[PDB]
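Participant: Structure in structure tokens, see below.
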Amino acid sequence: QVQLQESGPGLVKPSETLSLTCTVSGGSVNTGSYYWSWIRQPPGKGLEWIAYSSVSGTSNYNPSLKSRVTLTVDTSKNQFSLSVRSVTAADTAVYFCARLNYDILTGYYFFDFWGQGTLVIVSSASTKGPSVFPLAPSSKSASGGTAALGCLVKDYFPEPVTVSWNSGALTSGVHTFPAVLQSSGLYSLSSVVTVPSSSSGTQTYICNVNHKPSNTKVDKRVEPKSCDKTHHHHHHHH
Amino acid sequence: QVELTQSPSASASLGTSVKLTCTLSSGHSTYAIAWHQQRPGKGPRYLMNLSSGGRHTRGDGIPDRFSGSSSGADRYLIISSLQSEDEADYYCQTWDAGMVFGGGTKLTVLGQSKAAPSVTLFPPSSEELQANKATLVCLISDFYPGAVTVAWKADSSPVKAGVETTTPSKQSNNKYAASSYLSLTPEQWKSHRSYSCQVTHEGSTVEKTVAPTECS
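In order, the protein sequences belong to chains H and L. In this text, residue positions in the first sequence follow PDB author numbering: the first is 1, and each later residue adds one. In this text, residue positions in the second sequence follow PDB author numbering: the first is 2, and each later residue adds one.
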């Protein structure tokens, strides 16, 4: 029932101080034979333990990081926080919080609950919010009885971007693709939903895009139409 | 201090048993460890702890096909009947002056059925065209194994400039997906009769085609 969740910025500049916070549910950062720990994982690489501490003030550090890191525990909010001073690109990583359990039955120490991780990019590059464009299928692609409608989330930096449809009420037939990293250094991704070619006029499709580093939060209405928007007037076959 | 040595890769077939190895450094062969599993894009999951004598204790909710054993300085994770959701990175973990991780082992699960790709090709939106840009979007899904090559054509001529294509990665349904993007000017888009996205997978090819005369 113990759950942990990281929060922090997605992009920081070299030489800044990074601050992350873990919020714990279903357990208390004040009680038990636990330490509260941070671990990171540079993209494509392994897990690296950072430090842990207890409300009682006992703490322990990775030697190579000990002089750059500060850990605090906030019992009032059931949270604990990491600070990492003077970051460089070497500190780009997904950061995980974790509960470190001391098991009295064995004498062992092991992380028994983990957070989901938060990506932190360390870069001098500026953030860049995406443009969001509706993706309308060709009529031929729709002629089989189902069709893909979508949103193109174009030219953003850094990862990640979240996409939902109709604020999360629409999930069946939704596929959000991994982003491409283009030669420009900017990302693009596409998200589509499969819908019946049938009526569709009786349907609302809104792609909810969120890019937190640029505070780009957009709800884009996608018309349930092919790329030929005039077909219900001219009645032509394309 | 203590170090954990893991080989970075392993691969095995669905339904077999797999044994992964973690090796303790010199002077630490008496040490106990824990095993953690990390599925793609997820946080790790604690699996079990394991004594130097080979006694293991699973975490809560961990299937009984996961077990552990030991031999000298080596510590083993044994997966009895490999499942597709076992495809993951596996980290051993111990403790000394501080907490210690092995480098991880990426386990690739083999044996799923081959599957040809499905291809969806989108013309540029009117909105993007009005912003004086144009992007063709070719989406490639549900294929296995995960290697494809993508080729674009303007009418019948190959197009190489303006093409950006992802490396395939596995999706929720355990099949690979990939994307390719062709950047054009609106003039280029309206100048040709058609554009095509052609996907080659295991020697076989699937092509989709869009045309500015299809949209209005």
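All residues carry an ideal CB built from backbone N, CA and C; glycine is no exception.
1. Using only CA atoms, which one of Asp155(H), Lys140(H), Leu135(H) and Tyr156(H) lies nearest to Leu149(H)?
2. Counting pairs of Cβ atoms below 8 Å between the region 228-237 of chain H and the region 15-34 of chain L, do you hit three or more?
3. Using CA coordinates, which residue listed in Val164(L), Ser181(L), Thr109(L) and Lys134(L) is at the minimum distance from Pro146(L)?
4. May I ask you to report which of helix, strand or coil DSSP gives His236(H)?
5. What are the start and end residues of the alpha helix (DSSP H) that includes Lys140(H)?
6. With a cut-off of 9 Å, does the C-beta of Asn50(L) fall near any C-beta of chain H?
7. I'd like to confirm the pairing. Which residues does DSSP put opposite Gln79(H) in its beta bridges?
8. Should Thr106(L) be labelled buried (16 or more other beta-carbon atoms within 10 Å of its own) or exposed?
9. Using the rule of at least 16 other Cβ atoms within 10 Å of the residue's Cβ for burial, across every protein chain shown, is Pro159(L) buried or exposed?
10. Taking the alpha carbon of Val12(H) as the point to measure from, which residue in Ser53(H), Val87(H), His175(H) and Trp165(H) has its own alpha carbon closest?
11. Are the CB atoms of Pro158(H) and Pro213(H) nearer to each other than 9 Å?
12. Any residues in the region 77-107 of chain L with a beta carbon nearer than 9 Å to a beta carbon of chain H? Which ones, in chain order?
13. Identify the continuous beta strand (DSSP E) that holds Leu135(H) and give its terminal residues.
14. Which residues, in order along the region 148-174 of chain L, keep a beta-carbon less than 8 Å from a beta-carbon of chain H?
15. If you reduce the DSSP assignment to three classes, tell me which class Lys66(H) lands in.
16. DSSP on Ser192(L), reduced to helix/strand/coil?
17. Note down, in chain order, all residues in the region 133-149 of chain L with a beta-carbon under 8 Å from any beta-carbon belonging to chain H.
18. Contact criterion: CB-CB distance below 9 Å. Does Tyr182(L) meet it with respect to chain H?
19. Assign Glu86(L) to buried or exposed, taking buried as 16 or more other Cβ atoms, counted over all protein chains shown, within 10 Å of its Cβ.
20. State the CB to CB distance for the pair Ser68(L) and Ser82(L), rounded to an integer number of angstroms; the pair is presumed to be in contact (CB under 8 Å).
Facilitator: Concretely, from the data shown:
1. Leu135(H)
2. no
3. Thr109(L)
4. coil
5. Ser139 to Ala142
6. yes
7. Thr23(H) and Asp74(H)
8. buried
9. exposed
10. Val87(H)
11. yes
12. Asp90, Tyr92, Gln94, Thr95, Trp96, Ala98, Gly99, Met100, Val101, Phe102, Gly103, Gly104 and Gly105
13. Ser131 to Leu135
14. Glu165, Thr166, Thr167, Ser170 and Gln172
15. helix
16. helix
17. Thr136, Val138, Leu140 and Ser142
18. yes
19. exposed
20. Contact flag wrong, Cβ pair sits at about 12 Å.
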